[PDB]
Amino acid sequence: XXXXXXXXXXXXXXXXXXXXXXXXXXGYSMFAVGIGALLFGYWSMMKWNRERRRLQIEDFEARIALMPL
Amino acid sequence: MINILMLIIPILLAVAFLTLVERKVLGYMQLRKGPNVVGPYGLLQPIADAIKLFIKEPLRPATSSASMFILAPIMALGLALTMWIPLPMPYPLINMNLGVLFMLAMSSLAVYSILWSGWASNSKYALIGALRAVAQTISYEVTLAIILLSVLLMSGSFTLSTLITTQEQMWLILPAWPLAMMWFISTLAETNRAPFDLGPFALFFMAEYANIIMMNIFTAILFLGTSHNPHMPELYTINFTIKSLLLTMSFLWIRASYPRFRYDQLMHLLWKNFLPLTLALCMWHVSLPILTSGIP
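Residues numbered from 1 in each chain as written, not as in the entry; some residues may be left out. Chains lettered and ligands numbered in written order. Part of a larger assembly, values for the part shown. Heavy atoms only, no water. Residues with missing side-chain atoms left out of burial classes, pairs and counts.

The deposited coordinates, according to the entry record, derive from cryo-EM at 4.27 Å resolution.

Q: Tell me what's going on with the overall build of chain A, and back it up with residues and numbers.
A: Secondary structure assignment for chain A yields one helix and zero strands. Computed over C-alpha atoms, the radius of gyration of chain A comes to 34 Å, more than 25% over the 11 Å expected from 2.2 N^0.38 for 69 residues, which places it beyond the range of a compact globule. With respect to the principal axes defined by its C-alpha atoms, chain A has extents near 115 × 30 × 10 Å. (Helix = DSSP H or I, 4+ residues; strand = E, 2+ residues; numbered from the N terminus. Rg over C-alpha atoms; globule rule 2.2 N^0.38 Å.)

Q: Can you explain the interface of chain B and chain A? Please cite residues and give values.
A: With 22 residues of chain B in contact, the opposing surface of chain A contributes 15 residues. When chain B packs against chain A, close to 1800 Å² is buried across both sides, 61% of that on carbon and sulfur atoms. Our count for the contact surface shared by chain B and chain A stands at zero salt bridges. The tally of links from chain B across to chain A stands at four residue pairs in polar contact. (Contact = heavy atoms within 4.5 Å. Buried area = accessible area lost by both parts, 1.4 Å probe. Salt bridge = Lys/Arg side-chain N within 4 Å of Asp/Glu carboxyl O. Polar contact = N/O pair within 3.5 Å; in protein donor to acceptor, adjacent residues only side chain to side chain.)

Q: Let's hear about a nonpolar patch on the surface: which residues, and what values?
A: A grouping of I2, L5, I9, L13, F17 and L43 of chain B is seen on the molecular surface, where their side chains present a nonpolar patch of about 580 Å² in accessible area. When you line up the elements, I9 of chain B lands in helix α1 (residues 9-16). (Patch = residues over 30% accessible without salt bridge, like charges linked within 9 Å, V, L, I, M, F, W, Y side chains within 5 Å. Areas by Shrake-Rupley, 256 points an atom, 1.4 Å probe, with all protein chains shown as cover.)

Q: Tell me about the packing of helix α8 (residues 140-154) of chain B against helix α14 (residues 274-291) of chain B, residues and numbers included.
A: Think of two packed helices as two axes; the pair is described by the angle between the axes and how far apart they sit. Residue and element names in this part refer to chain B. Relative to each other, α8 and α14 sit at 20°, their axes nearing to 9 Å. One way to sum up the angle between α8 and α14 is to call them roughly parallel. At the point where α8 passes α14, the crossing takes the left-handed sense. Residues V142, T143, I146, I147, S150, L153 and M154 of α8 form the contact with α14, whose own contacting residues are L275, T278, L279, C282, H285, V286, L288 and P289. For the contact of α8 with α14, the residue count by class is eleven nonpolar, four polar and no charged. (Axes fitted to C-alpha atoms, helices over the stretch in contact; angles between N-to-C directions. Parallel < 35°, antiparallel > 145°, perpendicular 65-115°, else oblique. Left-handed = near helix turned anticlockwise from the far one by under 90°. Nonpolar A, V, L, I, M, F, W, Y, C, P; charged D, E, K, R; others polar.)

Q: Residue-level account of the side chain of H285 of chain B, with values.
A: Residues and elements named next belong to chain B. Here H285 shows up in helix α14. Side-chain polar atoms of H285 contact the backbone oxygen of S150, separated by 2.8 Å. If we ignore the near neighbours within four places in the chain, the residues touching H285 are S150, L153, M154 and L179.

Q: Run through the nonpolar core, naming residues and quoting values.
A: As a rule of thumb, soluble globular proteins bury nonpolar side chains together. Residues and elements named next belong to chain B. Ranked by size, the top nonpolar core spans 56 residues in total, and within it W183, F218, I221 and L222 carry the most contacts. Look past the residues within four positions of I221 in its chain and what remains in contact with it is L87, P88, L160, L163, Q167 and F240. One finds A72, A76, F204 and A207 within the second-largest nonpolar core, a separate group that totals five residues. (Core = buried A, V, L, I, M, F, W, Y, C linked by side-chain atoms within 4.5 Å. Buried < 20%, exposed > 50% of the residue type's maximum accessible area, 1.4 Å probe, protein only.)

Q: Describe the packing of aromatic side chains, with residues and values.
A: For the coordinates displayed, the defined rule picks out six aromatic pairs over all chains. On the numbers, 6.4 Å between centres and 45° between planes, the contact of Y42 of chain A with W284 of chain B is tilted. A residue pair is termed interchain when its members come from two chains, as with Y42 of chain A in helix α1 (residues 28-65) and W284 of chain B in helix α14. Judged by its relative accessible area of 15%, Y42 of chain A falls in the buried class. (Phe/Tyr/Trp six-rings, centres within 6.5 Å; stacked < 30°, edge-to-face > 60°.)

Q: Tell me what's going on with unusual backbone geometry, and back it up with residues and numbers.
A: Residue and element names in this part refer to chain B. Although it is not a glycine, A66 adopts a positive phi angle of roughly 50°. Within the secondary structure, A66 is located in the loop between α3 (45-56) and α4 (72-82). Relative accessible area serves as the criterion here: at 77%, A66 is assigned to the exposed category. Its identity as a non-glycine residue notwithstanding, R262 has a phi of 70°, on the positive side. Mapping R262 onto the fold places it in the loop between α12 (233-257) and α13 (263-269).

Q: Describe helix α10 (residues 177-186) of chain B, with residues and values.
A: Residue and element names in this part refer to chain B. Buried within α10 we find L179, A180, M182, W183 and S186. Buried residues of α10, seen end-on, are gathered within an arc of 150° and therefore sit on one face of the element. Where α10 is buried, its residues touch α8, α11 (200-222) and α14. (Arc of directions from axis to C-beta.)

Q: How would you explain helix α5 (residues 100-108) of chain B if you had to name every residue and give the values?
A: All names here are of chain B. Listing the buried residues of α5 in full gives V100, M103, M106 and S107. Mapping the buried residues of α5 onto a view down its axis gives an arc of 130°, with all of them on the same face. In this structure, the buried residues of α5 make contact with α4, α8, α9 (162-165) and α11.

The structure is reproduced here in structure tokens:
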């Protein structure tokens, strides 16, 4: 009996298949989150600066109140 | 005054122990094993590099022009270490009258470190490439000043201590969404060797990697904060280090993942494209405290 190297292909490994595809981001939907984070960013920040004004006037009031200084 | 030595010696160790991080984290990116033979996980190698280069390694200068070449590493290491002083941290060492102005000044003078090295070599062959390396740093410092001002004009004065207090509930990444993207790129121009790349030669490594940590920390003040807590210094110290370490991973991410942008097209990304974008956002950031009340 002769024994040589046997042939096997099975699945053929798929000859040239695309793996690159669009994922997560679509296009217009990313701008809704992108610019949406900006509008949420300013509104949250400016409310803190209005709360800073409560401290600001109260800080300068200490100088006016102190005349024996 | 003992705290200055407690901000040079552990910092020089941080630049030394970077050699582990700069090729093990970079290693797993490239599927290779970094340090392993030298130590238990290679912890003995960072200090072993110091014994190799400082003591035994001799000098062979090209011409040695009296004062220069043995003055350029002093300007390199000196300016890199003095940048640690104005840093806000939980508590700053000798807090300046204005914070960020000192930060931009010592970085703009750090351009000299690569300038005097070009003058050290007598040959014309080296100085053309040296001036090209100056152009990589000098150009991005124009925008670096602009993006800084837009963050400052939103909230707080130049003082770095006030920048922690303004970030009480939400980070500055969300209001400054395109500006946060800029600080990931603009910082890499200062000899990081990720978008563009050009004894005493070993001392330049200890200075250039020191600026990498410096830009990681400075981004974690302008954009990160989470909490302040004056009563508990324990909670701030741990939480600040993790935020800075995550930015250190992103600095080594660009070095491995992305090729060089070319020197000519580095001036097409910036100047041609970035400078119209940064100033348009600067125009936007002038109107913001006027449109809605936002003055420190």
